[PDB]
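Quick one: the structure is below, and I'll ask about it shortly.
As written, the chains take the letters A, B, C, D, E, F, G, H, I, J, K, L, M, N, O, P, Q, R, S, T, U and V, and residue 1 is the first residue of each chain.
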Amino acid sequence: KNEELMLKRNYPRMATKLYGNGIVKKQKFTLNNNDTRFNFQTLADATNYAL
Amino acid sequence: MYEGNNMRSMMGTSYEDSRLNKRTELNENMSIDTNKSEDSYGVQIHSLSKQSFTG
Amino acid sequence: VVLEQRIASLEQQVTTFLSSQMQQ
Amino acid sequence: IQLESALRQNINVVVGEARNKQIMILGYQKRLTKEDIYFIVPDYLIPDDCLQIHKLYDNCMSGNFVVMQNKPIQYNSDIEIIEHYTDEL
Amino acid sequence: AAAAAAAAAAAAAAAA
Amino acid sequence: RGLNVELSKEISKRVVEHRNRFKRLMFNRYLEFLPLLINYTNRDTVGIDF
Amino acid sequence: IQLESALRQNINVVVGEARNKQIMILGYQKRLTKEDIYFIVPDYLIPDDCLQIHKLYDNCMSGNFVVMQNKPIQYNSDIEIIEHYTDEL
Amino acid sequence: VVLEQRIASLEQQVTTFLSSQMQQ
Amino acid sequence: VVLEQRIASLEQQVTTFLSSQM
Amino acid sequence: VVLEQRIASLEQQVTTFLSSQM
Amino acid sequence: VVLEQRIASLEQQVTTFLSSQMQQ
Amino acid sequence: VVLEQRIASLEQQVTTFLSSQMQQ
Amino acid sequence: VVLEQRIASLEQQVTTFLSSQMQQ
Amino acid sequence: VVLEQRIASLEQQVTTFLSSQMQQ
Amino acid sequence: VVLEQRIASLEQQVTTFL
Amino acid sequence: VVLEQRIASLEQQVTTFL
Amino acid sequence: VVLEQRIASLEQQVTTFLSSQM
Amino acid sequence: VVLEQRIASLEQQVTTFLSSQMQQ
Amino acid sequence: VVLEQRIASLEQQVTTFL
Amino acid sequence: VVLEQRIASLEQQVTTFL
Amino acid sequence: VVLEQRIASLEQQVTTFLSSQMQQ
Amino acid sequence: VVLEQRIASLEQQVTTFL
């Protein structure tokens, strides 16, 4: 093969993967001061319920 | 970079860490402490302590 | 006595500047 | 003030040492608690070492993280009693 | 709480 | 949805709810307190959670 | 007098140091405040240096800019209660 | 006097670490 | 108090011995 | 108080070390 | 006194436990 | 005095961490 | 005393942090 | 006395500002 | 001595480096 | 000394000049 | 009070410097 | 004392400001 | 004292550990 | 005193910084 | 004193346990 | 003596070993 092949370039080739965003996920709860005190006949058990 | 007063009340002071607390944990340990069946060639069945989970 | 106060003031100054660039 | 507000939503706070100066932390038959398994509200001031509950291991010896109840034995929350009289009022 | 020994590879050779 | 309210003698159910909730509350409050009256020269030297 | 008038419109004032002599400034889980990010009412007396809140970092050590609430936990403004009785009155 | 307290603190530190791997 | 502390140390030493021959 | 101050300095030094090898 | 003997004994037991059986 | 007790407490902790790093 | 050692140590850590890692 | 503590505080601040100006 | 205390913190820093 | 305090403020003024 | 007065003088001197090179 | 140094310094700054930048 | 001797023995153990 | 020595070392560091 | 009484109590207990181990 | 107390705990540990 001819000598000017030295001038011909050869780039390294790439193999990539893009990912992007994740998920913000949330979870809520709603604790009360009257309707839970209709149940829960002891107050300390209501505090234990809370935590 | 720009200062102004970068602490305003909330969500101007929340782009930083904002009180990392109670990170999700393996205090109770699956696959090691539990999911465990490497239980020694013992003698007898001595006891299994029953605890009323108040907390 | 006076130093005890300035030494306390500068340690808080170091601690509130280390946390500005900390890994913590 | 931030302690007592936390106590009246019944969450068991835990005060211990952080760098020997008693920063608050949150703490949610006798099976003893030792380690820092609980949720921790401060940032870098964590003990990162041997914690304990300082109640019955000895009088005055163990490393400090003591939990403070709002009420010793809990039966009913007093946010219900305050709803109980305020309508009558 | 005691464990008894396990002869998992003990093929006993004796002399006499 | 489902709704058809009684009357305004709803109060005559609210009145008996106040009585019922008062009995439940006062009963379990009174035994919520009753296991602490004595406390006996509180932790002089003795490792008891009294 | 200018402080208490500011406190009853519920804006959290912040007193600190200006040139070591405690000029008022305005100041609008625990995430700590340090810097002079807040709005500043005086003109050239600003600290231009390390400010902090002096509450829980230590007892008595950090550089001063402490915020003062009107009421520790805020539920209803008392400009409504003063409207509540004055018509009955 | 000071030692009496540190000696008490380290014995509880040994006792609450021995029970982490004890037969008890 | 000192006597109690000494007793606790003795108990811990005994416990340590009861787990390893070394 | 002095002991507490010394402890704080030690902690800060440790933190500083934990960020750079120099 | 005997307090020095106790402080010497507790360092020995601490070294023994923390070197022999476990790391924690 | 109390600083000496603190210096004794810190070297014990450093020895415990060094025993945590190297197996013996 | 040891307070002079503490004041010398805190200037060393202040110089180290304010010269090595950052400017603020 | 207290003026000496103030003079120590001002030279520390001047050294911090000089380290803020020049990179090292 | 205080020199022993100074030698202890340098050993603590060298251990934290490792 | 007080001369050291005088030399410190001149250094502060020269640094503020730069 | 004397220390505060000294601090005020230092601040004023700095301010004066910050306006003119002379 | 240092109060004489302060009174000498404040006359210098007063002369500097009242002679250099403005008349009022 | 004896506490200083025990502190010297502890730094020797720390140096042997390193 | 020792505080005067540390203050002299600080002005030397300030002069080396300039 | 009281530590001597504790040391007398512990050797009596060790002798009782040794008599519990060996028949005589 | 205190040496007798030290010899007693070693005998206690040796008896607990057996």
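Going forward, contacts are C-beta pairs under 8 Å (C-beta built on N, C-alpha and C of every residue); 3 or more make two chains touch, one makes a residue touch a chain.
Remark: among chain pairs D-H and J-O, D-H carries the greater number of C-beta contacts.
Think of it this way: of C-D or C-G, only one pair shares over half of the D-H contact pairs by residue number, and it is C-G.
Chain Q and chain U, compared by their mean Cα positions, are separated by 79 Å. For the pair chain P and chain U, the distance between C-alpha centroids works out to 76 Å. Spacing of chain D relative to chain N, judged by their CA centroids, is 43 angstrom. Annotation for chain G: residues touching 2 or more other chains are 29-30, 34, 58.
Among all residues of chain V, those that touch two or more other chains are 5, 9, 12. Contact of a single residue of chain E with at least two other chains is seen at positions 1.
Contact residues on chain L toward chain H in their complex (touch as defined above): 1-2, 4-5, 8-9, 12. Those residues of chain P that touch chain R in the complex are listed here as 2, 5-6. Of all residues in chain A, only 33-34, 36-37, 40-48, 50-51 touch chain D in the complex they form.
Chain contact summary for the complex, chain T toward chain M: residues 2-3, 6, 10, 13. The touching residues of chain F, counted against chain D in their complex, run 18, 21-22, 25, 28-29, 31-32, 35-36, 43, 45-49.
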